[PDB]
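K.L.:
Mind looking over this structure? Questions follow.
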Amino acid sequence: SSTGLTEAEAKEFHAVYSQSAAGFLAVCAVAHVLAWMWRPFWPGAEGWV
Amino acid sequence: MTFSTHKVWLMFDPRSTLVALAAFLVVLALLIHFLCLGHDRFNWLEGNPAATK
Amino acid sequence: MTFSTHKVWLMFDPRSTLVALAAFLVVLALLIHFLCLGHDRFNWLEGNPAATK
Amino acid sequence: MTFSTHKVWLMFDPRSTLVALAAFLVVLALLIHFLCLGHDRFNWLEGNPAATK
Amino acid sequence: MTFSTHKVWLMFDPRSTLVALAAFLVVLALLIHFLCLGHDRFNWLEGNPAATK
Amino acid sequence: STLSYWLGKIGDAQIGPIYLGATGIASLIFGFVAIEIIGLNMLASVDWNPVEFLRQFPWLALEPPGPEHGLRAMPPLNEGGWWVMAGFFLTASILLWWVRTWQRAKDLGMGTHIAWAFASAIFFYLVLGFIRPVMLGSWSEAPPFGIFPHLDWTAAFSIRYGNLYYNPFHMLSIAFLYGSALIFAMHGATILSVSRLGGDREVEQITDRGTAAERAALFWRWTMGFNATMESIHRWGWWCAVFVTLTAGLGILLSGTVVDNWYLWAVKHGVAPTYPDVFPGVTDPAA
Amino acid sequence: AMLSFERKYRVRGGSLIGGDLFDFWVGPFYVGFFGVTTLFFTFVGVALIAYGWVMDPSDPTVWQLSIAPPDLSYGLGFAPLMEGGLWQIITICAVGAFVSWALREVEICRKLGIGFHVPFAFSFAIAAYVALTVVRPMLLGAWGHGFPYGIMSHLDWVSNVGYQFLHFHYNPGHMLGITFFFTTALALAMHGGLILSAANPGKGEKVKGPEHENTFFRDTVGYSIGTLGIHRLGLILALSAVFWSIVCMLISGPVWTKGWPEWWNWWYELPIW
Amino acid sequence: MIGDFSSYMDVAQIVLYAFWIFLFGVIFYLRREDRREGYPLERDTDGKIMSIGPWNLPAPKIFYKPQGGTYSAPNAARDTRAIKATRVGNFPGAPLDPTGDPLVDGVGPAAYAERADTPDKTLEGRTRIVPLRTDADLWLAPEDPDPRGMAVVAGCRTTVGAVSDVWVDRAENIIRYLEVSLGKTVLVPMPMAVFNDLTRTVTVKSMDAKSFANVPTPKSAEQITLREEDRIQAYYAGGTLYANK
Amino acid sequence: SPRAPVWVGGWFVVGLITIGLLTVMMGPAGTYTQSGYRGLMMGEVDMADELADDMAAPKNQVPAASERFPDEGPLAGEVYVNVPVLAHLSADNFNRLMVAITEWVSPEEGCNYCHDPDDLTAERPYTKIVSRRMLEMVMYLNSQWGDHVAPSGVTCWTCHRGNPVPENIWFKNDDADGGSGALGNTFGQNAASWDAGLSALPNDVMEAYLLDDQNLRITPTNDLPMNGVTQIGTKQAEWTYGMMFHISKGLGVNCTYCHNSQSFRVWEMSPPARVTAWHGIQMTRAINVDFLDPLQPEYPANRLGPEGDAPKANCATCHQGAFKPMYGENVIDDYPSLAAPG
Ligand code: BCL
Ligand code: BCL
Ligand code: BCL
Ligand code: BCL
Ligand SMILES: CC[C@H]1c2cc3[nH]c4c(c3C)C(=O)[C@H](C(=O)OC)c4c3nc(cc4[nH]c(cc(n2)[C@@H]1C)c(C(C)=O)c4C)[C@@H](C)[C@@H]3CCC(=O)OC/C=C(/C)CCC[C@H](C)CCC[C@H](C)CCCC(C)C
Ligand SMILES: CC[C@H]1c2cc3[nH]c4c(c3C)C(=O)[C@H](C(=O)OC)c4c3nc(cc4[nH]c(cc(n2)[C@@H]1C)c(C(C)=O)c4C)[C@@H](C)[C@@H]3CCC(=O)OC/C=C(\C)CCC[C@H](C)CCC[C@H](C)CCCC(C)C
Ligand SMILES: CC(C)=CCC/C(C)=C\CC/C(C)=C/CC/C(C)=C/CC/C(C)=C/CC/C(C)=C/CC/C(C)=C\CC/C(C)=C/CC1=C(C)C(=O)c2ccccc2C1=O
Ligand SMILES: COC(C)(C)C/C=C/C(C)=C/C=C/C(C)=C/C=C/C(C)=C/C=C\C=C(C)\C=C\C=C(C)\C=C\C=C(C)\C=C\CC(C)(C)OC
Ligand code: HEC
Ligand code: HEC
Ligand SMILES: CCCCCCCCCCCCCCCCCC
Ligand SMILES: CCCCCCCCCCCCCCCCCC
Ligand SMILES: [Fe+3]
Ligand SMILES: [Mg+2]
Ligand SMILES: [Mg+2]
Ligand SMILES: [Mg+2]
Ligand SMILES: [Mg+2]
């Protein structure tokens, strides 16, 4: 409305936006799992020993 | 925002919102990568032993 | 963007988007090449031994 | 851009595109030449031994 | 630009292009002459031995 | 072409559009390369940590080659070569920006006065970074690319050549900077005082003198015995601003090349004050 | 009635003391009560400077002339005329002459029917001089803290006061004042060049107007300050430069007594890190 | 030694003296440019033109005005309008006393210059200062109060009228004058007006109720010339000295 | 909403109360002393409360010394076995010196810090070997460097001040160098280092001047350049400046304490304290070259530096932030044994 979009155009844009954001977040989660398997990043009580 | 909040794009202009989120995401990625490079254990290019102590 | 989202160009100007993408990609390539030059193992012009520790 | 995408020039102005490309290429060439001059093994005017270690 | 591509000057102003080319060529010649002067082997006015090491 | 309420209070509210052109794009490319070099050397100097970068940004710099390299055209990168590259790219971007300003003046049918005022600052910048190191044959005499480091360079340059207060061209440049501030406060206050009479429309007052220009002239005539015109005060200000950097370049050219101690130069020429000897028996212990 | 348009402006009025006795001109200069006081203080001060010049035993040149303030041991008291009293009297006369100059400018503005922006801006320079020779000395408890009245010796005072903090460049108020002074020269060059380019467009070009002036800066930096905004900006820049100079000198000694570089430990060791 | 010409002279001293010559030449040139208006000078007792050397008065330069015409400086034109003020004895420097009303006559702070008798134009050739009621492409920023409708108070604490319109500079987007209908319509220069949006009043302390009734008016109600602008602004500026007293 | 005109007078009162806020916030004003000529402003700028606190600091209070035994009795070289450097002291004075040294170096750890707990004759701890060279160094400083340390003198308290590790010691690469790979060379500067007064000046200058004999004299002695004399040195000026920051911080003084800023080069315009500081530079260089550095093999890895070098002394090791160590308190008159080698 204010931006100048119909509710149907907004729905399609949200569909593609949600798909893209879900793919991005899935890739980020996979990358964080890979980085944890490389080197865990929460230290214990002793540190990096 | 949620999977069902499709009307958020009736408030935010999609083109400008995507450029401000892309800019923010790139800057955040750069900051976190430099934070990893700035510490001995997570600098993958310096290649220190993982036990930096 | 996806192989099928051809309508993104009805919202983003192709010319300006291409120029911004080219600038960002060149800047990022320079950044990563400089970060490789800024590390002993990956500076290919300095030619340090691969094993650096 | 490929050998067959001749319609790019209906979207990009040939004159400004060529001038910007010339500027970018000159800056890139100068930067790479200076980076070579900035290393012992590739400064051809300083003429250090190739075996640099 | 090639020997038979005479329609450059239907897109580029011959006088402005000539002035810009003269400026660029003079600056580049000055730069390369400074490069030669700044290295011991190729400084022809300091006259160091060609064998420089 | 967006608007700005806060900027529309001090002045106009419209920001844009900006014309870059060919020389503008070239200057941006050169300058971005220079800025990338400088900033990445700063970030690498704190071992890439952005926390330490935020802590130490004023103290960080890209540093010139040491004196052991002389005027080597391209020193090793991490020994001043990065500084030489950043200086080259910054100089190219600044020169292309000067050409851009000259061209913008020409395409608008306007005179090239801002371009030739920028030429004075470019002359000072070039003396600081390139011309004087060439004559002295050492890149090390050039300022670092840093916030606190170029202040350190300023202080150490004054100390090295014996109290740059005694450099007559430094005195002249300080006189011209003080005069730039003086003249610009004078002119701003004068135009604001005759703004009730249309005095801010100065170019219209130049080709058609109004009571604003007459009263502005008469205020200064009755104050200090002489005055300028609505256009001549701008020549006064332009020349005063140009002389700042012109005398700055002239006084930096002469430091180390023809004069090596400025206080002793002033002593030879009867300029340095002599003070009563409060410490009667102090001599050099190494003599 | 000297200029070709000055006769119609030379009328009575503008006096700050309410009287017609001093309302007259001598040549181009307007004389007021404050003009008379300005000349009184000025001639006293100049004659005392000449006296201190001829009484100097070292036979100084014009550059080496110096009338130094009293010793710090005299405090806020009175020194012998040859031991700082001359500097004190010249300081009093200089303050009086500068205030009288500002008030005479107020009188001239009132006569011309214009604003008092010029006396107000000159009051900032007067405040800088006062903060250097009267206020800061009282804050530090001695008139010997003021600078000597000499062309070259006040440079030595500046140098030694700066090196009393081991690096005066690191003073934050000094940084702000230097930034504003350099920006004032930048803005003055830009403004003078723009007005000269609009008034002198060249050969075959007409005199450009406000549209071209605004277009040149919107096309160069991306923003146009306007023709009224540029003069406000310039006055603000010069006044901010002098204000930050006053601040930096009032925090040096009265506030900061140690090296200036270590003041930035507030940022280097900010509680965040 | 390196930079020496003798045991006393040296290169820096000579460069300094060369800059002294250049600076004195620049100051001479600048002082020549200062004399493009108001010179040659005239005596304060009989108006006799004083002789100035051709080395102090520059040759006339021609300004090609944007809307046509050529202005020269110097121009040999001298303001010789009769000043309605007198003094007892033609002593040099003696100030003048207005004979009648200094505001209407234009004496002193009310004096104005005989500028062009044509309205100021823009680049495209349309009137620069016009009332807002005529132009639809120009409005007032909603962040700022609207002067229209505000009461107008003089320097004697008297409500002399209300603001009916605002005259805007079309070349700078700035309000130049306030059209005030006296409770018959006058233009108040905006720098001479102080706005109070809480009480909805505009204070013009430079005018009295008597002075507002004698404010010069433009020939046209949607068009003002540079001379009319100059006269009105001079009237309000002279009101600071001649109105409330 | 209507725009409210700004209350100029009310905000002027607020400005006055903010000036009061600033006055209470940022100073009772520093105390000045004048050392040179009027109008020059050569002198010291000190906060009175902070200067009084530093004088009343525990490190500046020299411990009370017991009455000295008459030096006429059995020497320590015959009563004791391993006393090569204190074989000329009477045994009573030897015990007094041991007690004083314990009070000066290791009061908390006691006699066992430098001695084997069950054998005072055994040179087992490295601390005893270091302390013997400490004694030799103190004797050498008192006998040979009276141009600087007299009449106050130096004892174990002058540097150690009641703890085994003196407060201000330095190593070669004391400030970690920045830069990864081919980028980021800090050149021994461009950091917030307390050696340079938290300035971006060279922070590793002590090696060039207090261990090496590099030139601190950058300012030429002639107004015009010579043919063989260098015409550069701005970066070399930064090294001298950083060294002068170290000197100023070690003595708690400003540049005007030893210099007239009109010319940092002219000794005739300098206070006589600059001559004492010259002898101090020579003495510190002698200390580091002759005693403190050759002790590196005797130190454990815990005591060495990042470069594996021995700890070294500077101007701040003795002065500890005062123009004189302990502000001029005499420490050698009570201990003539530490005043000269036997
Ligand atoms: C390159 C070929 C196609 C393309 C084909 C696809 C396909 C197929 C997919 C995506 C998906 C995505 N694309 Mg895509 N995409 C294109 C151009 C772009 C551009 C751009 C402005 O150039 C951007 C910013 C994106 C961005 C994105 C992400 C928002 C999204 C998933 C994020 C991700 O993979 O993590 C990492 C992302 C980044 C680091 C940002 C860069 C994105 C890169 C350039 C896109 C290519 C990734 C794709 C998997 C590789 C296919 C190319 C092969 C060589 C043929 N695409 C072009 C037109 N894109 C995925 C998705 O939407 O999930 C449901 C997906 O499955
Ligand atoms: C990615 C796919 C969908 C999406 C799917 C969901 C779902 C499902 C949920 C949310 C919820 C939220 N989303 Mg969401 N969300 C989207 C895009 C966004 C964007 C954006 C500008 O892109 C923003 C700022 C947000 C912000 C938010 C939060 C304000 C809100 C609760 C905060 C939270 O749980 O984590 C704290 C915030 C952060 C850690 C940073 C915020 C940025 C990221 C993108 C948040 C996403 C978290 C969400 C769980 C992702 C799940 C997607 C997977 C496919 C399951 N979303 C897109 C359109 N979002 C939750 C909610 O409403 O509360 C009950 C919720 O259950
Ligand atoms: C040189 C002669 C033709 C040309 C012939 C081809 C052919 C054939 C191909 C491409 C392909 C590409 N071209 Mg091409 N291309 C041209 C001019 C350009 C320009 C330009 C503004 O000048 C740009 C930015 C590009 C960019 C690109 C890439 C986007 C794309 C593949 C990327 C890649 O290879 O990574 C590297 C890219 C870069 C480092 C930046 C681009 C710089 C150069 C000019 C890229 C050329 C790469 C291409 C493989 C070289 C082939 C030229 C030979 C004579 C055949 N081309 C000119 C007009 N180009 C490929 C493609 O799209 O397939 C999917 C491909 O097969
Ligand atoms: C000098 C005589 C002719 C000319 C004759 C030719 C011929 C023949 C050829 C080219 C070709 C090229 N020319 Mg040509 N070219 C001319 C002037 C120019 C100018 C200019 C603004 O002056 C530019 C930028 C160019 C640029 C170019 C390149 C884009 C292209 C590839 C060559 C190359 O190695 O790239 C690197 C470019 C540079 C480092 C800057 C270019 C500067 C010089 C002028 C390049 C000339 C190269 C050419 C071999 C000169 C030989 C002249 C002999 C007498 C034949 N030419 C003039 C008008 N040019 C070639 C081509 O199109 O490939 C299929 C080719 O076969
Ligand atoms: C009379 C002497 C005074 C003076 C004069 C002067 N300087 C001038 C001028 C004049 C008259 C100009 O016309 C010119 C100017 O344009 O000023 C606004 C300039 C100038 N004075 C400058 C600064 C300056 N002047 C100074 C001083 C002074 N200048 C003197 C006091 C100083 C000081 C005190 O040291 C400084 C720092 C510049 C603002 C400007 C010249 C600009 C220039 O050279 O630009 C090219 C250099 C670059 C590094 C390019 C920018 C690179 C960035 C990476 C750009 C961003 C790119 C990016 C792709 C953008 C988009 C990002 C997206 C995410 C949106
Ligand atoms: C506040 C912003 C800037 C500013 C503004 C400013 N100054 C102004 C004005 C304005 C707006 C005026 O209207 C007024 C004027 O008329 O200018 C032509 C003035 C003025 N700015 C002046 C100078 C000046 N302004 C300076 C600075 C600045 N002025 C600021 C940068 C400096 C500096 C930095 O050094 C100087 C020297 C004068 C030309 C003039 C004021 C003239 C005046 O006061 O006349 C009356 C006094 C005398 C004729 C002489 C009195 C002499 C004493 C009795 C004895 C001497 C005492 C003195 C301390 C000795 C100094 C010795 C050494 C330190 C040299
Ligand atoms: C009772 C009795 C004793 C009577 C005798 C009375 C006598 C003798 C005289 C009258 C009384 C008095 C007090 C006289 C003053 C005497 C003195 C000392 C005069 C000189 C004072 C003085 C400050 C002189 C100038 C000093 C200098 C060098 C100033 C710097 C100026 C400078 C850097 C550049 C000049 C640039 C000019 C001319 C700027 C003014 C100017 C500005 C700023 C505009 O903006 C403007 C806008 C539009 C049109 C015109 C102008 C314009 O003219
Ligand atoms: C990580 O970083 C990112 C990517 C985020 C980007 C951010 C960058 C940042 C934050 C950069 C910050 C930079 C700062 C703060 C810079 C400050 C610089 C200052 C204050 C400089 C002061 C003075 C410098 C001067 C005067 C330098 C002059 C140098 C000159 C003129 C050099 C000329 C050299 C030439 C012409 C070389 C020519 C090449 C030759 C001819 C030698 O080749 C043979
Ligand atoms: C390190 C700072 C020491 C402390 C703590 C104590 N002593 Fe000491 N002792 C030290 C040195 C360097 C020497 C050698 C003297 C020399 O001339 O080289 C000594 C020696 C002794 C001895 C002599 C033992 C022998 O030779 O057989 C005795 C008896 C002795 N010291 C006593 C002693 C006492 C009583 C202490 C506590 C007050 C004490 N020592 C502490 C260094 C150090
Ligand atoms: C006494 C403790 C001093 C303080 C306080 C300061 N300086 Fe120093 N200065 C001192 C000495 C003993 C010497 C001579 C050293 C030598 O090897 O001859 C110096 C010398 C300088 C110099 C160089 C002089 C020359 O001939 O070039 C400079 C530039 C210098 N001093 C600067 C300086 C600064 C900036 C100070 C405040 C931070 C400072 N000095 C204080 C002794 C003392
Ligand atoms: C004149 C007699 C010898 C000197 C005696 C001491 C003089 C200085 C101390 C008294 C005066 C200082 C305080 C003055 C305050 C003035 C406040 C306006
Ligand atoms: C002996 C030294 C003489 C120095 C004279 C300097 C004269 C400088 C004149 C500068 C202005 C020239 C005219 C420019 C008008 C505008 C052109 C577009
Ligand atoms: Fe102006
Ligand atoms: Mg010679
Ligand atoms: Mg280091
Ligand atoms: Mg260190
Ligand atoms: Mg102190």
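By convention here, the chains of the structure tokens are called A, B, ... in the order presented, each chain's residues are numbered starting at 1, and ligands are numbered starting at 1 in the order presented.
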Based on only C-alpha atoms, which of the residues in chain C come within 12 Å of chain F? I want them as an MDAnalysis selection string.

P.N.:
chainID C and resid 23 26:39 43 45:46

K.L.:
According to DSSP computed on the backbone, where in chain D is there alpha helix (DSSP H)? Give the residues as a compact mmCIF listing (two decimals) with N, CA and C atoms, in the first residue's frame.

P.N.:
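Resulting contents of out_2.txt:
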# COMPACT_ATOMS: atom_id res chain seq x y z
N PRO D 14 28.25 2.80 -24.46
CA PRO D 14 29.61 2.37 -24.85
C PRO D 14 30.71 3.32 -24.42
N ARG D 15 30.51 4.63 -24.54
CA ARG D 15 31.56 5.60 -24.25
C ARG D 15 31.97 5.60 -22.78
N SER D 16 31.00 5.75 -21.87
CA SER D 16 31.30 5.75 -20.45
C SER D 16 31.78 4.38 -19.98
N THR D 17 31.21 3.30 -20.52
CA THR D 17 31.67 1.97 -20.15
C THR D 17 33.12 1.75 -20.55
N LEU D 18 33.49 2.14 -21.77
CA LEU D 18 34.89 2.03 -22.19
C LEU D 18 35.82 2.89 -21.35
N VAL D 19 35.44 4.13 -21.03
CA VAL D 19 36.31 4.95 -20.20
C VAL D 19 36.48 4.38 -18.79
N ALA D 20 35.40 3.93 -18.15
CA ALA D 20 35.51 3.32 -16.84
C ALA D 20 36.32 2.03 -16.88
N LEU D 21 36.15 1.22 -17.92
CA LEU D 21 36.94 0.00 -18.05
C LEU D 21 38.41 0.32 -18.24
N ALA D 22 38.72 1.35 -19.03
CA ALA D 22 40.11 1.75 -19.21
C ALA D 22 40.72 2.20 -17.90
N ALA D 23 39.98 3.00 -17.12
CA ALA D 23 40.48 3.44 -15.83
C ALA D 23 40.72 2.26 -14.90
N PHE D 24 39.76 1.34 -14.83
CA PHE D 24 39.90 0.17 -13.96
C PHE D 24 41.09 -0.68 -14.37
N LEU D 25 41.25 -0.93 -15.67
CA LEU D 25 42.35 -1.74 -16.15
C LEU D 25 43.70 -1.09 -15.91
N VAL D 26 43.81 0.23 -16.10
CA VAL D 26 45.06 0.91 -15.81
C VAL D 26 45.39 0.83 -14.33
N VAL D 27 44.40 1.05 -13.46
CA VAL D 27 44.66 0.97 -12.03
C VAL D 27 45.06 -0.44 -11.62
N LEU D 28 44.38 -1.46 -12.16
CA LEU D 28 44.72 -2.84 -11.85
C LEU D 28 46.13 -3.19 -12.33
N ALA D 29 46.48 -2.78 -13.55
CA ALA D 29 47.81 -3.05 -14.07
C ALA D 29 48.88 -2.38 -13.22
N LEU D 30 48.66 -1.11 -12.85
CA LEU D 30 49.62 -0.41 -12.00
C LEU D 30 49.76 -1.09 -10.65
N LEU D 31 48.63 -1.50 -10.06
CA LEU D 31 48.67 -2.15 -8.75
C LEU D 31 49.44 -3.46 -8.81
N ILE D 32 49.20 -4.27 -9.84
CA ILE D 32 49.90 -5.55 -9.94
C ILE D 32 51.38 -5.35 -10.21
N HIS D 33 51.72 -4.40 -11.08
CA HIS D 33 53.13 -4.11 -11.35
C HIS D 33 53.85 -3.65 -10.09
N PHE D 34 53.21 -2.77 -9.31
CA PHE D 34 53.78 -2.31 -8.06
C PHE D 34 53.89 -3.42 -7.02
N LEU D 35 52.91 -4.33 -6.97
CA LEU D 35 53.02 -5.48 -6.08
C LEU D 35 54.18 -6.39 -6.46
N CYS D 36 54.41 -6.58 -7.76
CA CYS D 36 55.57 -7.34 -8.20
C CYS D 36 56.87 -6.62 -7.82
N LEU D 37 56.91 -5.30 -8.02
CA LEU D 37 58.10 -4.53 -7.65
C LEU D 37 58.32 -4.53 -6.14

K.L.:
Against ligand 9, which residues of chain I fall within 6 Å? For each one I want the closest pair of atoms and the distance in Å (one decimal), counting only C-alpha atoms and all ligand atoms, rows by chain and increasing residue number, as CSV.

P.N.:
residue,atom,partner,partner_atom_place_in_ligand_line,distance
I:80,CA,ligand 9,26 (O),4.2
I:81,CA,ligand 9,26 (O),3.9
I:82,CA,ligand 9,26 (O),3.5
I:83,CA,ligand 9,17 (O),3.3
I:84,CA,ligand 9,17 (O),4.5
I:85,CA,ligand 9,17 (O),3.7
I:86,CA,ligand 9,17 (O),3.4
I:87,CA,ligand 9,17 (O),5.8
I:95,CA,ligand 9,35 (C),5.8
I:98,CA,ligand 9,38 (C),4.6
I:99,CA,ligand 9,38 (C),3.6
I:101,CA,ligand 9,2 (C),5.7
I:102,CA,ligand 9,5 (C),4.4
I:105,CA,ligand 9,2 (C),5.6
I:106,CA,ligand 9,5 (C),5.7
I:110,CA,ligand 9,5 (C),5.7
I:111,CA,ligand 9,37 (C),3.7
I:113,CA,ligand 9,5 (C),5.0
I:114,CA,ligand 9,1 (C),3.8
I:120,CA,ligand 9,24 (C),4.8
I:121,CA,ligand 9,27 (O),3.5
I:128,CA,ligand 9,12 (C),4.7
I:131,CA,ligand 9,12 (C),4.3
I:132,CA,ligand 9,12 (C),3.8

K.L.:
Output the selection as a short mmCIF file (atom, residue, chain, number, x, y, z; two decimals), in the first residue's frame - C-alpha atoms for each residue.

P.N.:
data_model
loop_
_atom_site.label_atom_id
_atom_site.label_comp_id
_atom_site.auth_asym_id
_atom_site.auth_seq_id
_atom_site.Cartn_x
_atom_site.Cartn_y
_atom_site.Cartn_z
CA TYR I 80 82.36 -16.24 56.64
CA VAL I 81 83.40 -18.41 53.71
CA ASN I 82 81.84 -17.23 50.44
CA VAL I 83 81.99 -13.44 50.73
CA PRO I 84 84.16 -12.28 47.79
CA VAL I 85 82.63 -8.80 47.53
CA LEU I 86 81.97 -8.16 51.24
CA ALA I 87 85.16 -9.55 52.80
CA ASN I 95 74.87 -8.73 59.31
CA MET I 98 72.14 -8.44 55.16
CA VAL I 99 69.22 -7.20 57.26
CA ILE I 101 69.21 -5.85 51.96
CA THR I 102 66.40 -8.15 53.10
CA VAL I 105 64.81 -6.47 48.12
CA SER I 106 62.74 -9.33 49.60
CA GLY I 110 62.96 -12.96 54.13
CA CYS I 111 66.50 -14.27 54.33
CA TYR I 113 64.94 -15.59 49.12
CA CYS I 114 68.66 -15.36 48.31
CA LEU I 120 73.87 -19.79 54.17
CA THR I 121 77.24 -20.73 52.64
CA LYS I 128 72.39 -15.07 45.54
CA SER I 131 72.61 -10.27 44.41
CA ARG I 132 76.40 -10.44 44.42
#

K.L.:
For chain F against chain G, which residues fall within 6 Å using only C-alpha atoms, given as a PyMOL selection string?

P.N.:
chain F and resi 10-12+15-16+18-19+55+109-111+113-114+180-181+184-185+188-189+193-194+200+221-223+225+234+237-238+241+271+273

K.L.:
Determine, counting only C-alpha atoms, which protein, DNA and RNA residues have an atom within 8 Å of an atom of residue G:41; residues of the same chain fewer than 3 positions away are not included. Present the result as a VMD selection string.

P.N.:
chain G and resid 37 to 38 44 to 45 93 to 94 96 to 97

K.L.:
Determine which residues of chain D sit within 7 Å of chain C, taking into account only C-alpha atoms, and present them as a ChimeraX atom specification.

P.N.:
/D:11-12,39,53

K.L.:
Would you name the residues within 12 Å of ligand 15, counting only C-alpha atoms and all ligand atoms, and put them as an mmCIF file with C-alpha atoms, in the first residue's frame?

P.N.:
data_model
loop_
_atom_site.group_PDB
_atom_site.id
_atom_site.type_symbol
_atom_site.label_atom_id
_atom_site.label_comp_id
_atom_site.auth_asym_id
_atom_site.auth_seq_id
_atom_site.Cartn_x
_atom_site.Cartn_y
_atom_site.Cartn_z
ATOM 1 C CA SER F 45 49.106 -3.944 12.299
ATOM 2 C CA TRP I 170 62.595 -3.336 30.040
ATOM 3 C CA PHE I 171 63.596 -5.871 27.392
ATOM 4 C CA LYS I 172 64.606 -5.609 23.728
ATOM 5 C CA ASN I 173 61.286 -6.176 21.938
ATOM 6 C CA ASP I 174 59.264 -5.068 24.943
ATOM 7 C CA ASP I 175 56.388 -3.873 22.723
ATOM 8 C CA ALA I 176 55.071 -6.642 20.487
ATOM 9 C CA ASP I 177 55.470 -5.881 16.798
ATOM 10 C CA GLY I 178 52.349 -5.705 14.663
ATOM 11 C CA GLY I 179 51.811 -6.899 11.134
ATOM 12 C CA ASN I 185 54.610 -3.158 9.754
ATOM 13 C CA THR I 186 54.403 -0.957 12.844
ATOM 14 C CA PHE I 187 58.132 -0.056 12.617
ATOM 15 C CA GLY I 188 58.494 -0.167 16.404
ATOM 16 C CA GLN I 189 55.832 2.526 16.810
ATOM 17 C CA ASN I 190 52.215 3.349 15.876
ATOM 18 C CA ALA I 191 50.756 1.810 19.025
ATOM 19 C CA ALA I 192 49.240 2.977 22.306
ATOM 20 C CA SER I 193 52.377 2.173 24.278
ATOM 21 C CA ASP I 195 56.854 3.638 26.913
ATOM 22 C CA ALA I 196 56.076 6.554 24.567
ATOM 23 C CA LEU I 201 56.058 7.316 18.819
ATOM 24 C CA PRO I 202 58.873 4.731 18.813
ATOM 25 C CA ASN I 203 58.201 2.659 21.926
ATOM 26 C CA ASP I 204 61.374 0.527 21.736
ATOM 27 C CA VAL I 205 64.014 3.253 21.945
ATOM 28 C CA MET I 206 65.704 2.108 25.176
ATOM 29 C CA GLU I 207 67.794 -0.407 23.208
ATOM 30 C CA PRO I 306 60.250 -11.991 24.825
ATOM 31 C CA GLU I 307 63.621 -11.974 23.050
#

K.L.:
Kindly compile the residues surrounding ligand 11 within 8 Å, counting only C-alpha atoms and all ligand atoms, and format them as a list in words.

P.N.:
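Checking only C-alpha atoms and all ligand atoms against ligand 11 at 8 Å gives residues 74, 75, 76, 77, 78 and 79 of chain G.
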